[PDB]
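**Q** This one is an experimental structure. Sequence first:
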Amino acid sequence: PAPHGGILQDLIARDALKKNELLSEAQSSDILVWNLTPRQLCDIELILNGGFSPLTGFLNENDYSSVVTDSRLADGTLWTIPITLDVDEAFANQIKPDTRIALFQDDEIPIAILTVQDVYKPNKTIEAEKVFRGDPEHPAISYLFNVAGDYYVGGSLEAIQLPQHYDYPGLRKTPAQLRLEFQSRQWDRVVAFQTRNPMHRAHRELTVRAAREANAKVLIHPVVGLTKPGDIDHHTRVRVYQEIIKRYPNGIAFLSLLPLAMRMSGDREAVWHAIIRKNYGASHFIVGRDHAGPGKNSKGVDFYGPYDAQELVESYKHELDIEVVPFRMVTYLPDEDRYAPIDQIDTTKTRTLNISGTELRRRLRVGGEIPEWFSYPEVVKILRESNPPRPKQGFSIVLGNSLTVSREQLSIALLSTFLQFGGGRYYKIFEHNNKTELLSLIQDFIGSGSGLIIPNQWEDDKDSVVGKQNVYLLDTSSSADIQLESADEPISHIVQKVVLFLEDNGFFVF
Amino acid sequence: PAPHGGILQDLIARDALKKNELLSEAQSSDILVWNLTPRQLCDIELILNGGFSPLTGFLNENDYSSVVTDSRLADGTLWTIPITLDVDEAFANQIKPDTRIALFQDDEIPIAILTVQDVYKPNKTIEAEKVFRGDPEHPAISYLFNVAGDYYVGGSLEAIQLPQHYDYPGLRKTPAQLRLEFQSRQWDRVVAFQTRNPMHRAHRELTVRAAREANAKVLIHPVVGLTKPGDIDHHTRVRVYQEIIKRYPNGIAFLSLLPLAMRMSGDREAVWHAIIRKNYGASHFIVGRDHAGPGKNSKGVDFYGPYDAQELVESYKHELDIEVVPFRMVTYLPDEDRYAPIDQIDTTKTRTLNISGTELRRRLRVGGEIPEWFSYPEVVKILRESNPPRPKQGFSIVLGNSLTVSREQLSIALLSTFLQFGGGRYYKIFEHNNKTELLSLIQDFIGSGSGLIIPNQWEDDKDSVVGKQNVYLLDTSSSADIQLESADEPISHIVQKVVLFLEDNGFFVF
Amino acid sequence: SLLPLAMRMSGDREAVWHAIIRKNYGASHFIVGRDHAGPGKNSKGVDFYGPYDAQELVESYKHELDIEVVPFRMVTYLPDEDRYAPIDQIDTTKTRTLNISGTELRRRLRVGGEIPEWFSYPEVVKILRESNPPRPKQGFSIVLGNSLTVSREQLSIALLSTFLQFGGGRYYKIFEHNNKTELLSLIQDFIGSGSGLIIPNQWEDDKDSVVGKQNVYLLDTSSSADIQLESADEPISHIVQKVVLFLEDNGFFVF
Ligand SMILES: [Ca+2]
Ligand SMILES: [Ca+2]
Ligand SMILES: [Ca+2]
Ligand SMILES: [Ca+2]
Ligand SMILES: [Ca+2]
Ligand SMILES: [Ca+2]
Ligand SMILES: [Ca+2]
Ligand SMILES: [Ca+2]
Ligand SMILES: [Mg+2]
Ligand SMILES: [Mg+2]
Ligand code: NA
Ligand code: NA
Ligand code: NA
Ligand code: NA
Ligand code: NA
Ligand code: NA
Ligand code: NA
């Protein structure tokens, strides 16, 4: 269907003949520069390539306010997620309306020139409540307060070039490009599938049934910008998509990556996804259970109800101009060797099997088997590689502050001991000297599968620098992972405690 | 047989009742301390545990000189390798005869008290020529000049404790201990096998035949102190020995580790090995082809003739007091599915197969198959782990000084590109800032299998800090591993050059 | 169909006889092979019959045998073509051919080695391996020679305890025959059963015939001993080693 607002605002194409001129202005000595944050790069790419039609810049306060309370742009155009350029006070003060500023990437690549319409300090409590529902634990609110700038700069954009990406150049289709790809194949009915996760047999099955019921071709449009915190990296995920797309019948599916920065804003985001896919050329879209929802908070309560998304999108059905296909999740029937829509089988009368994310995570952590009815083997092989089991995981042993035995000798004892065991893990007694440049290397070593022995703890005002994954404290204190019987426990006893701890946790296997 | 000189100089046992007294003296405030170098720890352990009977300390000049020219101690006792305590001038000056000094390990563990008999500056050109044959490339001469102190301190030793080791506590038998292990099994004929390498089927076969011909039990006595430069680490090797010892018929073999510091001094060392094994309780010993020889020098010439060792040991036969079993190397006969002594088959009349070290190294580098007739599978599995093939090897790409493209962008491009590929290798753009504390981490990352992208070169006065294995220079210069067409070559072209280079070299496999 | 014939291995005469016999059983044709029904060569390595005596003799009686004799066209395997072809059709020096002699087949079976499907069908090879197991599965006997002055009761006990350490499932027995025929005749049955027997003393020479000599080894100082002792009073532990390593060299034990 036609782009939201009727026109594809592909600013790259619009400004093609001003590229040199704009590029030269961006590189002028007198122009004020702003370095785009990683989320802003995600947003500006979608504005510049028309992914966010009718947007043609970051929202000024007039539009922003309507989006916050009315879920629309001041002109009444449905638009549920505010896209603004958040800056700090120091920069906001240097700019006034009509000021033209340059937006760079990595402090070296000019992306666009923004003509300032306004500068304002939004009430983040209202946005937090109105747009994201108010739970301080909602990733969007966390970002809203802890990362986002306190001042929004609204203004019209002029394009120099889209944010630079060196990976998957072939798959990052812009709206215009994707539309031409469909057009060259004569596809005029396309159902799009959103995801920020690996795809298993069930996803393959459900998307194909969608294709069959909507009489449409399939578009697997995964998000590769910012997704939920803790999600699997997009490189791993792209590898999985590239693998699963080969499992569809020839000529029925197309894989294209979307550099979107999700807010995990549930029902509002679901609407936004529909609009965005319409701009990219899809005729149909599937909205899932708790679509774009971040789940439950600490108190175990739902950030959104499982059907809020589908209900909200349905309420805007008459103006979305993109058909929404009903979400029919499928489950595996052992006794019939097939998948079937969950709404068609009687739980208490028919056998069904499925592997929850929690269980999948466990199996991967212990190197256990994962059945082909759940996920294709080539897909599982990829997941095991990016997330190796414990015998292949790195780790660190931190000699606590309470230790009175010789740190130099205990570290040497641990090294010599670990080195006896096989498995190929690399070991290092690592001294950081409380230097940040060294502390930041700890998780890289662990990520590399290495075993580090750290002679002493770093200062508390440095915790933030070190990731806590697979990092274990050896100390007399109660908060120690490997508790010492006493501060002067004999080195050989300590060594045993560590070895058996690592064994119990799967790092060593004999 | 009886220890060389007639008495096992086990100083640990001799001084058992002075341990507290000696320990207290070593920890006195006024006593002069010397930190033992890694080779001296190897030597003192063998002196203290009687491994070097009749030695009871480091050689004074009187004995040392006789060993250098006469191959004997001043009393006429056969002794071919000088064992001295080499120190720098600053320390030598602080000591005079009768001075009692303490010998520590790791600057914290007291090993012994040495009563200085003399202090002298040896003519290292004579020792180099007389003891090690004079080739400046002989590892012993290299050490003699580049590492060893210029002053020898001769003196009698009193034991506090043997050098601390936390790995393989069970297998490091002292002479007295090994002798009791043989005695408890009623073994009175034992043939010992020396090695600083992995053991393959041929070694298993030849040692068993030795046992059969000498009517003796087998002692696999591998060196785990210092061996030849470039040798496989002893942890890997011990794993292999522990594995192969299980392939002998029950009750025929015993595995014990020897903390010797080899000099790779060919025929002289061969004699020394015989003496040492006699002290440890062996009745027989096998002297191999080019036994304890370092091979050929740069000009491709032999450091020693292949039979110098066997000939020298044979010339001392009447006073060694340990039988030397003839070395009968075996080779595999495909057509008969068996190994047979090489001196029994006609090369041109019978089929024989064998895998040279060079070829073994290749197969391991490319992950190729290695047949069970060559080495037991459990042994090969261990070698593959410590020395993984290229797809599992780490590496570094150094952005040369000639580069005029943006280093920050080229590094980012390489990262994003590498991250597309699968395989689980971990990647890092690593900035060392010419800091030693960071440069020394490069090979640890590579040893961990990681891929590092280094934005700029380090200063030449730092080369020594970084190992050169799997480190590749991207530069316009001729000495670059990955040569740029020009200093400003487009980033995408450079990326391709690197990817294809790494592929050609096996790091990436598609 | 099985024929309860008692062959005489009488070469060409027997070949004729086989033709007659098959005619009686109803065959219209018969193949006479190379050295058909021949026993091979004698000690001096000379042929009991010429390779074509049989075919020639049968051919000379062709007009009265009343059964057609089909020419014998032996086939060989062509690796490069994955097929068998008549040996009389290929040029030895121009075309690759593979084949496994009886001697080699026997070896492979004795050592448990692989035998390729181009030579014999796997189900056929499985059967041959069962009736003729490789050395690790073969029985054997160790006879303590008459020259031994060490204690026979202790050496036998030492050997037993030692063998019992090793795995593999072979059953062991210190077997006393007391020169009784009823016991001596059981030796090869035990060996045929895969068992390992330790025999404390030799039987009288007028009894040799009763015991098969397969896998029976003499431990003695004499020159004709399979496992030669350094001396009659060699220490028991040394003797044990000599035996273990001998059995290993010969494939009975594998570690
Ligand atoms: Ca703030
Ligand atoms: Ca719920
Ligand atoms: Ca205490
Ligand atoms: Ca010097
Ligand atoms: Ca040579
Ligand atoms: Ca240029
Ligand atoms: Ca013949
Ligand atoms: Ca005697
Ligand atoms: Mg882009
Ligand atoms: Mg020690
Ligand atoms: Na429409
Ligand atoms: Na999904
Ligand atoms: Na709700
Ligand atoms: Na002696
Ligand atoms: Na060797
Ligand atoms: Na020579
Ligand atoms: Na003839």
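**A** Nice, I can see it. Numbers count the residues shown, from 1 in each chain, chains lettered A, B, ... in the order given. Ligands and ions are numbered 1, 2, ... in the order given.

**Q** List the residues that contact residue A:261.
**A** A:38-39, A:42-43, A:225-226 (Cβ atoms under 8 Å, 6 or more residues apart in numbering or on different chains). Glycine gets a C-beta too; all of them are placed from N, C-alpha and C.

**Q** any idea which of these is closest to ligand 13?
**A** Using Cβ to the ion, residue A:226 is the member of those that sits closest to ligand 13, with 25.5 Å.

**Q** Identify the spatial nearest neighbour of the closest one, chain neighbours not counted.
**A** Leaving out its chain neighbours, the residue that sits closest to residue A:226 by Cβ to Cβ, 6 or more residues apart in numbering or on different chains is residue A:261, at 4.3 Å.

**Q** Give me the phi and psi angles of that neighbour.
**A** The phi/psi pair for residue A:261 (degrees, to the nearest 10) reads phi -110, psi 100.

**Q** And the one 4 residues further on, by the same measure?
**A** Its backbone dihedrals place residue A:265 at phi -100, psi 40, with angles given as degrees, to the nearest 10.

**Q** I figured residue A:4 hits residue A:53, correct?
**A** Yes: the pair residue A:4 and residue A:53 qualifies as a contact (Cβ atoms under 8 Å) at a distance of 5.1 Å.

**Q** Mutual contacts of these two, please.
**A** Common contact partners of residue A:4 and residue A:53 (Cβ under 8 Å, 6+ apart): residue A:279.

**Q** on that earlier part again, can you say which of the contacts of residue A:261 are buried?
**A** Applying 16 or more other Cβ atoms under 10 Å in any protein chain shown to the contacts of residue A:261, the neighbour count classes A:39, A:42-43, A:225-226 as buried.

**Q** Where does the stretch 251-400 of chain A get nearest to chain B, which residue?
**A** Chain B sits closest to residue A:385 of the stretch 251-400 of chain A, with a gap of 4.2 Å, by Cβ to the nearest Cβ.

**Q** which residues sit against the helix or strand hosting that residue?
**A** For residue A:385, the enclosing helix or strand under DSSP states H and E is helix A:377-386. The contact list for helix A:377-386 (Cβ under 8 Å, 6+ apart) reads A:198-200, A:232-233, A:235-236, A:239-240, A:243-244, A:364, A:367, A:370, A:375, B:422-424.

**Q** what's the closest non-adjacent residue to residue A:25?
**A** Closest to residue A:25 by Cβ to Cβ, 6+ apart is residue A:113, at 5.9 Å.

**Q** Burial check on residue A:347, number of neighbours?
**A** A count of neighbours around residue A:347, defined by other Cβ atoms under 10 Å in any protein chain shown, yields 9.

**Q** how about it, secondary structure?
**A** Here residue A:347 is coil, with the state taken from DSSP: H, G, I helix; E, B strand; the rest coil.

**Q** For residue A:360, give its distance to residue B:251.
**A** From residue A:360 across to residue B:251, the span is 50 Å (Cβ to Cβ, to the nearest Å).

**Q** sorry, back to before: for the contacts of residue A:261, give me TSV that also has distance to ligand 14.
**A** TSV is the format used below for the contacts of residue A:261 (distance: Cβ to the ion, whole Å):
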residue	distance to ligand 14
A:38	79
A:39	83
A:42	84
A:43	88
A:225	81
A:226	80
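
**Q** near ligand 16, from the residues you listed?
**A** Near ligand 16, taking Cβ under 5 Å from the ion as the test, no member of these is found.

**Q** Sort out for me which of those are in helices.
**A** Judged by DSSP state H, the subset of the contacts of residue A:261 located in helices is A:38-39, A:42-43.

**Q** ok, the one residue in the stretch 51-200 of chain A that gets nearest to ligand 16 - how many residues close by?
**A** Relative to ligand 16, the nearest point of the stretch 51-200 of chain A is residue A:166 (60.9 Å; Cβ to the ion). Applying other Cβ under 10 Å, we find 18 residues neighbouring residue A:166.

**Q** is it true that it touches residue B:417?
**A** Yes: look at residue A:166 against residue B:417 with Cβ under 8 Å: they come within range, at 5.7 Å.

**Q** ok, back up a step: so which helix or strand takes in the residue of the stretch 51-200 of chain A closest to ligand 16?
**A** Using DSSP H and E, residue A:166 sits within no helix or strand.

**Q** With respect to residue A:16, which of the buried ones among the contacts of residue A:261 is nearest?
**A** Ranked by distance to residue A:16 (Cβ to Cβ), the buried ones among the contacts of residue A:261 are led by residue A:43 at 21.6 Å.

**Q** Just read off the phi/psi values of the residue of chain A at minimum distance from ligand 13.
**A** Nearest residue of chain A to ligand 13: residue A:305, at 3.0 Å (Cβ to the ion). When read as degrees, to the nearest 10, the backbone of residue A:305 gives phi -80, psi 150.

**Q** what's the answer for the one 5 residues further on, then?
**A** When quoted as degrees, to the nearest 10, the phi and psi of residue A:310 stand at phi -50, psi -40.

**Q** how much space is there between it and residue A:223?
**A** For residue A:310, the distance to residue A:223 - Cβ to Cβ - is 19 Å.

**Q** out of those two, which sits in the more crowded spot?
**A** residue A:223 (23 against 20).

**Q** Show me what that one is bridged to.
**A** Residue A:223 has these beta-bridge partners by DSSP bridges: residue A:258.

**Q** So it is in contact with residue A:256, correct?
**A** No: using Cβ under 8 Å, residue A:223 makes no contact with residue A:256, being 11.3 Å away.

**Q** Is the residue of chain A found nearest ligand 9 in a helix, a strand, or coil?
**A** For chain A, the residue closest to ligand 9 is residue A:162, as judged by Cβ to the ion, at 3.9 Å. Following three-state DSSP, residue A:162 is assigned to coil.
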